[PDB]
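Overview (structure and organization)
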Amino acid sequence: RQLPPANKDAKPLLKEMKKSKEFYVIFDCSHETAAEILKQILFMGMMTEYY
Amino acid sequence: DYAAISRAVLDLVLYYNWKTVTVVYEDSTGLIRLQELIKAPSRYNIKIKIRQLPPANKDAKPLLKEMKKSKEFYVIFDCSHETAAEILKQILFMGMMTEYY
Amino acid sequence: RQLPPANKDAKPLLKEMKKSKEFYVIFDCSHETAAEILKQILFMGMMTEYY
Amino acid sequence: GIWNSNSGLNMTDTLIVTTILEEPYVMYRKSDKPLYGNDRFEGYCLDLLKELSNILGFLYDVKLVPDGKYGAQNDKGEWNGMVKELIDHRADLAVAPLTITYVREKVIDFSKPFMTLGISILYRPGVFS
Amino acid sequence: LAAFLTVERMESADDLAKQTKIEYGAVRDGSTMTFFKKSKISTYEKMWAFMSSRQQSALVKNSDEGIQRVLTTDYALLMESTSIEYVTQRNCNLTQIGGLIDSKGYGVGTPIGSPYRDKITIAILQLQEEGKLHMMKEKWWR
Amino acid sequence: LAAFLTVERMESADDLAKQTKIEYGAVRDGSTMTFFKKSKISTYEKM
Amino acid sequence: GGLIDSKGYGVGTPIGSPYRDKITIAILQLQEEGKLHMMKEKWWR
């Protein structure tokens, strides 16, 4: 997959991932947007014992 | 543009309705030109294997032998024209120039 | 079947054999004719693990 | 073909009604005077066809299916009866007690049912006793 | 007397299926014949075996011939329910055995992709709405 | 007596098929034997 | 019971025999002149 370029509100990408039931991911980004991705993960209920 | 020509690659493959395509690059320019195609499996009912022809030893006959062994008929090459001609010689010598491939 | 004599347009005979799905083929000719026929078979695409 | 960037790929380079005689849907009208054309037929399905042509406003020619069959697919995949007539564009409409089935919907289109039914079975004192 | 009365007082597709004296069948190349030919249900599968073996005989050319076979022979016709309603309505010796084996409908056929199909559906819905389908049924089945 | 007489009022290919006391068969390698061997009809298939 | 199926007896010949159609024509004649009936009655009596 790929994150959106500048609007890093990757809520759509996270939704698609949840729908496809994809549990083991390799995030690859800079840390200053990995923090934002982790914030959206906690927001989207995907900071769970599953993933 | 690399992005535009890779959108073109995806549009041609989605026209041809392949369900399993093995893509082959030679260098980072190749992964960039296959960017849209490699992401596509996510939004399209297509599956993708991805290999890389060997850098120094230009005889890619072990790569073609493994590709022939695992039954990959729909192949996309990202090459220059010189290594494209050499890989056409090598794909002829492996006998994989049939009507199946 | 019979090879064409010296025109060497063996490609149509090879094409007929390929379309009729005739894998096991016994040839009978001299070495030069055999070499020409083998080059023509590689060109036709009939040098596989089936034939 | 061609692939343009902001365009994409250009890779390319009255009515005949079939029916069947089945009582009381389609029958030959009985008359003391000569009947021609559609007038030779009467029955539920013919009243329905008249109604449909008034509502949709169309003319029509009623033709019985030539092999007198509703339509089945033979062991080699080929169809017959009214179904085949519609498939081969030999008829525009098939107005008859034609059953809407899964297999037939793969080769022809059906309107919504105008009647429902189900497969069933048709079968049959004094001193001296 | 008791042995006469008890016997002559104690006495579906199954009843037809589990026996062989009574011949039974359907119209050749109709949806009913196809139903039995494609049925994966044991009893109907058993019956298709019966009528397809005695094919040339069990199957009839049309309903009129099947009805005539029911009248002049020990034969049970696998026929659709509204057609049976029409027949039994006119011959009190005939009857419908059991209930419906399946549920479906009759529709106007059109070639695939015909513009008339949806329009015909709309028209049928109108006639239904204004109660003409009922009237038509009553007119012909009386 | 009625218990016997009603019982003695309880007795086609079906009648043969749905039972086992009465043996039944056909001539070996004749069209009749073949008919039953190839019949897809339940009762004949049972037989 | 009744007949389980309906069929007939015929004279067999090897495939493609010239005699087959001629035998059919002959059978049809004997049938026509009522000899098949007479033969049946003679033997079944």
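Above this text is the structure in question.
My aim in this report is to walk through the structure given alongside it, one point at a time. (Residues numbered from 1 in each chain as written, not as in the entry; some residues may be left out. Chains lettered and ligands numbered in written order. Part of a larger assembly, values for the part shown. Heavy atoms only, no water. Residues with missing side-chain atoms left out of burial classes, pairs and counts.)

Digging into the overall build of chain F
What counts, and what does not: Runs of H or I in DSSP of at least four residues are treated as helices and runs of E of at least two as strands, each being numbered from the N terminus.
A tally of regular secondary structure across chain F gives 4 helices and 0 strands. Counting from the amino terminus, helix and strand elements in chain F follow one another as α-α-α-α. Considering only C-alpha atoms, chain F reaches an extent of 50 × 20 × 15 Å along its principal axes.

Looking at the interface of chain D and chain B
When the parts of a complex come together, some accessible area is lost, and that lost area is often taken as the interface size. Rules: Pairs of residues are marked as contacts when any of their non-hydrogen atoms sit within 4.5 Å. Under the scheme applied, nonpolar residues are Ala, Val, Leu, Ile, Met, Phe, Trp, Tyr, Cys and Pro; charged residues are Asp, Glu, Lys and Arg; polar residues are all the others, including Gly.
With 4 residues of chain D at the contact, the number on the chain B side is 7 residues. Among the residues forming the side of chain D that touches chain B, the class breakdown is 3 nonpolar, 1 polar and no charged.

Concerning the interface of chain E and chain D
Note the cut-off: Pairs of strands are assigned from DSSP output, requiring at least two bridges between the strands.
With 34 residues of chain E at the contact, the number on the chain D side is 34 residues. Of all the elements in the fold, those that place two or more residues in the side of chain E that touches chain D are strand 2 (75-80), helix 7 (81-88), strand 3 (95-97), strand 4 (104-106), strand 5 (109-111) and helix 8 (116-129) of chain E. With 5 residues, the single largest contributor to the side of chain E that touches chain D is strand 2 of chain E. The class makeup of the residues in the side of chain E that touches chain D is 15 nonpolar, 14 polar and 5 charged. Across 3 bridges, the pairing between strand 10 (residues 119-123) of chain D and strand 3 of chain E is antiparallel.

Comments concerning the side chain of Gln90 of chain B
Residue and element names in this part refer to chain B. Our working rule: Polar contact is the term for a pair of N or O atoms within 3.5 Å; when the atoms are in protein, one must be able to donate a hydrogen and the other to accept it, and sequence-neighboring residues count only if both atoms are side-chain atoms.
Tracing the backbone through its elements, the reader meets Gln90 in helix 5 (residues 81-93). Side chain to side chain, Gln90 and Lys61 meet in a polar contact 2.4 Å long. Filtering out sequence-adjacent residues up to four positions away, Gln90 remains in contact with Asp59, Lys61 and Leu64.

Examining the sheet that holds strand 2 of chain E
Going by this rule: Inter-axis angles, ranging from 0 to 180 degrees, are taken between N-to-C directions of lines fitted to C-alpha atoms, where helices are fitted over the stretch in contact.
Read from one edge of the open sheet, 4 strands run 1(E)-2(E)-10(D)-3(E), paired in mixed fashion. Of all the strands in the sheet, the pair left with one neighbour each is strand 1 (23-25) and strand 3 of chain E. This sheet shows a mean twist of 35 degrees between the axes of neighbouring strands, independent of strand direction. Bridge count for strand 1 of chain E against strand 2 of chain E is 3 bridges, and the pairing is parallel. Along strand 2 of chain E, the bridge assignment pairs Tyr24 of chain E with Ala76 of chain E. Sheet strands touched by helix 7 of chain E: strand 2 and strand 3 of chain E. Its angle to strand 2 of chain E, the strand with the most contacts, is close to 125 degrees.

Overview of helix 2 (residues 31-43) of chain A
Convention followed: To estimate how far a helix should extend, the number of its residues minus one is multiplied by 1.5 Å.
With 13 residues, helix 2 of chain A should cover 18 Å at 1.5 Å per step; its first-to-last C-alpha distance of 18 Å lies within 8% of that length. At the C-terminal side of helix 2 of chain A, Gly45 of chain A shows a positive phi close to 70 degrees.

A closer look at the arrangement of the chains
Most contacts, when the 5 pairs of chains in contact are compared, are made between chains D and E. With no contact formed, the shortest span from any C-alpha in chain C to any C-alpha in chain D equals 24 Å. Of all C-alpha pairs spanning chain A and chain E, none lies closer than 35 Å, and the two are not in contact.

Observations regarding the pairing of strand 10 of chain D
Within a regular strand, the side chains alternate between the two sheet faces. Alignment of strand 10 of chain D against strand 2 of chain E, held across 4 bridges, turns out to be antiparallel. Directly across from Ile121 of chain D, in strand 2 of chain E, lies its bridge partner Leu78 of chain E.

Re the sheet that holds strand 2 (residues 47-52) of chain B
Residues and elements named next belong to chain B. The strand order across the open sheet built from 3 strands is 2-1-3, with neighbouring strands paired in parallel fashion. Each having just a single partner strand, strand 2 and strand 3 (75-77) make up the two edges of the open sheet. Here the strands of the sheet are splayed against their neighbours by 20 degrees on average, with no regard to which way each runs. For strand 1 (residues 20-25) and strand 3, the ladder comprises 3 bridges, and the chain directions are parallel. Paired with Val24 across the bridge in strand 3 is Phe77. Packing of helix 4 (residues 61-69) onto the sheet brings it into contact with strand 1, strand 2 and strand 3, and relative to strand 2 it is tilted by some 160 degrees.

Some words on the pattern of salt bridges
Spelled out, the test is: A pairing counts as a salt bridge when a side-chain nitrogen of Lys or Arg comes within 4 Å of a carboxyl oxygen of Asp or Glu.
A salt bridge links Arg43 of chain B to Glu36 of chain B, with the shortest nitrogen-to-oxygen separation between them at 3.2 Å. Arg1 of chain C is the partner of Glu16 of chain C in a salt bridge, and the nearest nitrogen-oxygen pair spans 3.0 Å. Taken together, the residues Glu16 of chain C in helix 1 (residues 11-19) and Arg1 of chain C in the segment before helix 1 connect sequence positions 15 residues apart. One salt-bridge network, in which partners are shared between bridges, spans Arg1, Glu16 and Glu22 of chain A.

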